[PDB]
Amino acid sequence: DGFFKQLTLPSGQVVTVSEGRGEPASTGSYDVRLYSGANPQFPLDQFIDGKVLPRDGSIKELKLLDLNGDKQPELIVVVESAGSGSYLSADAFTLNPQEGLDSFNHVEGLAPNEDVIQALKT
Amino acid sequence: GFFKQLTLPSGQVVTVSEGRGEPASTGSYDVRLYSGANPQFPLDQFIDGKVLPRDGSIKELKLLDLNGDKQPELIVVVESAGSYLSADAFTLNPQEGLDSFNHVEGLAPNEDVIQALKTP
Ligand SMILES: [K+]
Ligand SMILES: [K+]
Ligand code: NA
Ligand code: NA
Ligand code: NA
Ligand code: NA
Ligand code: NA
Ligand code: NA
Ligand code: NA
């Protein structure tokens, strides 16, 4: 099994993030799947929506931070290139009970010392 | 959890997966398309993917030309945990990528899913 992480949002919704099965470490895809989380004992029983995105590198971090000021965290998936420069890219998603899952922003080709969060707000 | 890889005669590669950790009876599946440009590395060149709901468990995959352009579409057939079939079809090509072709649902087990997907 490859990369898999499950997070519970403040609303009680549950999100999973996976890299594509059978893919190389250096490049491929990942998906984000949102669930209602209505029963925390069976958090993945009620699927809502999902997206598949390319990754130029490996997932390096998952962050839950409010980017748009609505008080709820967006999900940020930070990806680090296998290149010697370790260039960063990231996708942000809104995920909430009212709207479900949507893309918020995407950045790529960032130097390792760049402010990814500020870039995603830009 | 369902996982299957198919390779088209063009060389394109597709994988179909049920969502990890989900119930057998309900959840999601994803379809991922790769170029397969180097056939020894089928999953080295990702193109595009989609995540869909499944009302049931994946029964089988088919590759068949649904619109008569001589390229195969991908069909994902789903069986309810209860008896009904549903199915989603997708176009796949190097030129365009991955797109929805059609969707059918509430079919009897004996019905022709492929003819249903072809029929306006
Ligand atoms: K949405
Ligand atoms: K497309
Ligand atoms: Na891992
Ligand atoms: Na690339
Ligand atoms: Na927010
Ligand atoms: Na929003
Ligand atoms: Na919508
Ligand atoms: Na969207
Ligand atoms: Na066709």
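Throughout, protein chains are lettered first and strands after them, A, B, ... in sequence-line order, and every chain is numbered starting at 1. Just so you know, these numbers use all the heavy atoms, side chains as well, and skip hydrogens, waters and symmetry mates.
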Exercise for review: Check each atom of B:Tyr34 against the heavy atoms of chain A and say whether the ones under 4.5 Å are side chain, backbone, both or neither.
Suggested key: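 Contact with chain A: side chain only.
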Review point. Does any non-hydrogen side-chain atom of B:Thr26 lie less than 4.5 Å from one of A:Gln46?
Key: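 No, their side chains stay 4.5 Å or more apart.
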Check your understanding: Do B:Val51 and A:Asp49 touch side chain to side chain, with heavy atoms closer than 4.5 Å?
Key ->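 SC-SC contact between B:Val51 and A:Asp49 ruled out.
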Answer yes if [X] and [Y] sit in the same cluster of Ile, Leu, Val, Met, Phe, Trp and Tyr residues linked by side chain heavy atoms under 4.5 Å apart, and no otherwise.
X: A:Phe4; Y: A:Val32; answer: no
X: A:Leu9; Y: A:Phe47; answer: no
X: B:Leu6; Y: B:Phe2; answer: yes

Can you tell me if [X] has over 12 outside heavy atoms packed within less than 6.0 Å of its [atom1]?
X: B:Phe3; atom1: CZ; value: yes
X: A:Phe3; atom1: CZ; value: yes
X: A:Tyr87; atom1: OH; value: no

Check your understanding: Do B:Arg32 and A:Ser29 have side-chain N/O donor and acceptor atoms under 3.5 Å apart?
Key ->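 Side chains of B:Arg32 and A:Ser29: pair found under 3.5 Å.
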**Study point:** Interface residue of largest heavy-atom contact number with chain B, from A:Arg21, A:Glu23, A:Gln6, A:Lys51, under 4.5 Å
**Key:**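 Looking at each option in turn, the highest pair count goes to A:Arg21.
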Point to revise | Interface moiety of A:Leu53 toward chain B, non-hydrogen atoms closer than 4.5 Å | key: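 For A:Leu53, the backbone is the part near chain B, not the side chain.
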Review point. Looking at B:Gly21, B:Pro42, B:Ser25, which has the largest count of heavy-atom pairs under 4.5 Å with chain A?
Key: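 Among B:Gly21, B:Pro42, B:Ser25, the one with the most close pairs to chain A is B:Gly21.
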